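# Structural overview
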Amino acid sequence: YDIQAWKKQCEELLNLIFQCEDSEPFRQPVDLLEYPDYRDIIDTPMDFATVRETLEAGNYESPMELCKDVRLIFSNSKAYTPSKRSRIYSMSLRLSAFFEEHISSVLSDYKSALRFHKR
Ligand SMILES: CNCc1nnc2ccccn12
C-alpha cells in the first residue's frame, strides 16, 4: 500500500550493487582518457553514482525512472563492448541479472500501491 516505499528499497538495492565486485566498472562515469572514443558510440552516459545521486536529490518520481537509468548503464556496455565475451560486458550481464531479480518486486509493489491509491 505504501507509495513511497520504493525509495528506501532502491537505496538498499544500490547499496548491494555498490558492494558487489561486478559493479566496479560502473560506479562512476566512464573515463574518456581510458576510452577515448566512448562518446562517439554512447550518447547518454550513465553510472551508479549518478543514479544514487539522482535518487538522493529527490529527482526520481518513481522506481520506473530509476530502472530506466540503471538499464541504460547496461545497454551502454552492450553498445560499447567490442565483443560479447569482453570482461566488462560480462560483468554488466551478471549485474543486470542481479538487478532485475531484485527490482521486480519494487516495481510490482509500487504499481500496485499506486493502483490502490487511485481505486
Ligand atoms: C564501463 N566501462 C566502459 C565499457 N562498457 N562496456 C565495455 C566493454 C569493454 C571495455 C569497456 N567497456
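Determination of this PDB entry was carried out by X-ray crystallography to a resolution of 1.2400 Å, according to the record.

## Thoughts on the site of the ligand
The local shell around the ligand consists of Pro25, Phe26, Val30, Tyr35, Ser77, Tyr80, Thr81, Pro82, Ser86 and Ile88. Taken by itself the ligand offers 320 Å² of open surface, and the protein chains cover 91% of this. Split into classes, the residues belonging to the shell around the ligand amount to seven nonpolar, three polar and no charged.

## Quick look at helix α4 (residues 63–80)
In this model, α4 (18 residues) spans 26 Å end to end at C-alpha, consistent with the 26 Å of a helix rising 1.5 Å per residue. Considered for burial, the residues of α4 that qualify are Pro63, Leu66, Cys67, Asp69, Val70, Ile73, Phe74, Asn76 and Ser77. Check the buried side of α4 and you find it contacts α1 (6–19), α2 (38–41), α3 (48–56) and α5 (87–117).

## As for the nonpolar core
By size, the foremost hydrophobic cluster in this structure holds 25 residues, and its most contacted members are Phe48, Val51, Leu66, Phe99 and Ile103. Sorting the residues of this core by element identifies α1, α3, α4 and α5 as the ones contributing at least two each. In terms of residue count, α5 provides more of this core than any other element does, seven residues in total. Apart from the residues within four sequence positions on either side, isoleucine 103 is in contact with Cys10, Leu13 and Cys67.

## A look at α5
When the terminal C-alpha atoms of α5 are compared, their 45 Å separation across 31 residues agrees well with the 45 Å that a helix rising 1.5 Å per residue should span. Remark: the principal bend of α5, roughly 35°, maps to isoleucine 103. Of the surrounding secondary structure, the elements contacted by the buried residues of α5 are α1, α3 and α4.

Here is what the cut-offs are and how they apply
- Keep in mind that residues are numbered from 1 along each chain as the sequence reads, not by the entry's scheme, and that residues without coordinates are left out.
- Side-chain descriptors were evaluated using all non-hydrogen atoms of the structure, hydrogens and water having been removed beforehand.
- Residues with missing side-chain atoms are left out of burial classes, side-chain pairs and their counts.
- Throughout, near means a residue has at least one heavy atom within 4 Å of the molecule or strand.
- Throughout, the Shrake-Rupley method with a 1.4 Å probe supplies accessible areas, and for residues the shown protein chains are the sole cover considered.
- Throughout this entry, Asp, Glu, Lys and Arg are counted as charged residues, while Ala, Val, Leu, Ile, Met, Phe, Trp, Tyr, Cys and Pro are counted as nonpolar. The remaining residues, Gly among them, count as polar.
- Helical segments are the DSSP runs of H or I of at least four residues, strand segments are the runs of E of at least two, and each set is numbered from the N terminus.
- A helix is expected to span 1.5 Å multiplied by its residue count minus one.
- To sort residues, take the accessible area from a 1.4 Å probe on protein chains only and compare it with the maximum for the residue type: under 20% means buried, over 50% means exposed, and anything in between is partly exposed.
- By definition in these notes, contact holds between two residues if any of their heavy atoms fall within 4.5 Å.
- What we call a nonpolar core is a set of buried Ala, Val, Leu, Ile, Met, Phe, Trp, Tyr and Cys residues that are connected through their side-chain atoms within 4.5 Å.
- To get the bend at any residue, fit one axis to the seven residues that end at it and another to the seven that begin at it, then take the angle between the two axes.

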